[PDB]
Amino acid sequence: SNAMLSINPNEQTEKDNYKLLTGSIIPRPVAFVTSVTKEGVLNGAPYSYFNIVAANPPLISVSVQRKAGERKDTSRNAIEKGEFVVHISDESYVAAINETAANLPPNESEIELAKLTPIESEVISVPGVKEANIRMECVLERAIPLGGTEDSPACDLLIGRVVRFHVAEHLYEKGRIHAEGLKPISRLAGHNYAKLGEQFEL
Amino acid sequence: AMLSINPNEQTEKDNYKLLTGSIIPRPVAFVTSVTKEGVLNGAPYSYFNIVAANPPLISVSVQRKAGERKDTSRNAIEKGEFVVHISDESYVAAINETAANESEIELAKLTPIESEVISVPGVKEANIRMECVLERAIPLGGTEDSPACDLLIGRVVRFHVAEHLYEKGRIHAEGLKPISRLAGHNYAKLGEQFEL
Ligand SMILES: [Cl-]
Ligand SMILES: [Cl-]
Ligand SMILES: [Cl-]
Ligand SMILES: [Cl-]
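Sequence order for the protein chains is A and B.
According to our numbering, the stretch in the first sequence is residues 1 to 202, in order.
According to our numbering, the stretch in the second sequence is residues 1 to 196, in order.
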């Protein structure tokens, strides 16, 4: 009736802690993020460690993991350009988003691999993809290295300031977004995802 | 067929509406914290997610009120500790009662429970909760003299998980029945799962 387990993160592995965090903190919204390399290549990848930071000005966060203490393409590109695009992930293109999640060699475009379509941004110099129903042009407010060791951070928490919103007209009503028309997708544990659940009001 | 909207033109409330209606669904942290005088506070926050697994780090972005910290962030900074509870269908009604602006816990009829590592109590009603130490409180947005929020980075020092939810390290999502926030006063239950 209330059997509770105590679990000490110091007494289990990183993978064990990962499984507990990703299974407990659910559902998670998924940012599909595009960024550009110094060589001009358009990268894209999904990140479920995504949320709002503030509305004044509009600030969002995406935590991008490092590989053995080194920044991933998305973080490197965001810091180098100071710009990136955050797209809302939805049922209409989640198949293509999933295709991007695989590991290409650096400086290969997951966007082109996944048959997605670049669309130039208005304020920033990093394109997004046309397939998204909502996307946000961002400038990088700060990148915060976190976790891991003094010398080898586990991740970089990217704080992005939205400088342009692009919203499908059919989703927009009096400043609000039709959640059931959007059909956002979310991430659970493992390779499980979730569609938007039944709504309720309090 | 796409609208282009400059956030600098529209109002803070207009931007608030677009963010909260677009970045969905959001998991809801019910967070307890203690004042200098030992009063237990609790409030829900949907600007919540994982930061990293090594060590286990989480984030909660707590909005200010006219440039002043809310109780949760003031309390977290003073104590260096706080408890994050997963919000779920079995006690969302009580969680909602604590959003009101004394102890929110008593009001909402929730049940304090002492923590193992930290000195901030949690509530028994949660099926999953995480004792956290404060790593960072980062003021963001707003003006330099009036920030918009404090982004709290917590390190998990103890997990507490209902046994019926726990299967050799994994959590049964269907058993948990987590709740999520959408725009306005709208929430969502966990949706239909699929594999990728
Ligand atoms: Cl390219
Ligand atoms: Cl990552
Ligand atoms: Cl808040
Ligand atoms: Cl305690």
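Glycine included, every Cβ here is placed at the ideal spot set by N, Cα and C.
Neighbour flag for residue i against chain A, beta carbons, 8 Å
i: B/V120; result: no
i: B/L19; result: yes
i: B/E195; result: yes
i: B/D71; result: no
i: B/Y91; result: no
i: B/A173; result: yes
i: B/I105; result: no
i: B/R170; result: yes
i: B/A1; result: yes
i: B/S61; result: yes
i: B/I128; result: yes
i: B/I5; result: yes
i: B/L57; result: yes
Any C-beta of chain B under 8 Å from that of residue i
i: A/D90; result: no
i: A/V167; result: yes
i: A/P118; result: no
i: A/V53; result: yes
i: residue 227 of chain A; result: The requested residue 227 of chain A is not part of the displayed model; chain A covers only 1 to 202.
i: A/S121; result: no
i: A/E131; result: no
i: A/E14; result: yes
i: A/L104; result: no
i: A/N107; result: no
i: A/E198; result: yes
Best match in the options for proximity to residue i [C-alpha to C-alpha]
i: A/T74; options: A/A31, A/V163, A/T149 and A/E99; result: A/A31
i: B/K65; options: A/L42, A/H191, A/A102 and A/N56; result: A/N56
i: B/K177; options: B/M2, B/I128 and B/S4; result: B/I128
i: B/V51; options: A/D90, A/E110 and A/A143; result: A/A143
i: residue 206 of chain A; options: A/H191, A/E201, A/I177 and A/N51; result: This structure gives no information on residue 206 of chain A, because the portion of chain A shown stretches from 1 to 202.
i: A/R76; options: A/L42, A/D90, A/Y93 and A/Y49; result: A/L42
i: B/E102; options: B/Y47, B/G141, B/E135 and B/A43; result: B/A43
i: A/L116; options: A/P127, A/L104 and A/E131; result: A/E131
i: A/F50; options: B/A93, B/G67 and B/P27; result: B/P27
i: B/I179; options: A/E14, A/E173, A/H178 and A/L188; result: A/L188
i: B/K168; options: A/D16, A/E180, A/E173 and A/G40; result: A/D16
i: B/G175; options: B/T20, B/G67 and B/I86; result: B/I86
i: B/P139; options: B/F194, B/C132, B/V123 and B/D150; result: B/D150
Per DSSP, the bridge partner or partners of residue i
i: A/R71; result: Paired residue(s): none; A/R71 is not in a bridge.
i: A/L171; result: Its beta-bridge partners do not exist; DSSP assigns none.
i: A/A31; result: A/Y47 and A/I88
i: B/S180; result: B/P27 and B/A188
i: B/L19; result: B/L19 is not bridged to any residue.
i: B/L3; result: A/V167
Proximity test, Cβ basis, 8 Å: residue i and chain E
i: B/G80; result: Among the protein chains of the structure shown, namely A and B, there is no chain E.
Near-chain B residues of the stretch 18-45 of chain A (beta-carbon distance less than 8 Å), N- to C-terminal order: From the stretch 18-45 of chain A, only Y18, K19, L20, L21, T22, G23, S24, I25, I26, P27, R28 and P29 have a Cβ closer than 8 Å to chain B.
Within 7 Å of chain B by C-beta, residues of the stretch 181-196 of chain A in sequence order: Listed by position, the residues of the stretch 181-196 of chain A near chain B (Cβ gap below 7 Å) are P184, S186, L188, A189, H191, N192, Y193, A194, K195 and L196.
Interface residues of the stretch 146-158 of chain B facing chain A [CB-CB below 8 Å]: Listed in sequence order: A148, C149, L151, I153, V156, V157 and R158.
Scan the stretch 90-168 of chain B and note each continuous beta strand (DSSP E) run of 3 residues or more that stays entirely inside, going in chain order. As far as the stretch 90-168 of chain B is concerned, its whole beta strand (DSSP E) runs of at least 3 residues are 128-140 and 149-162.
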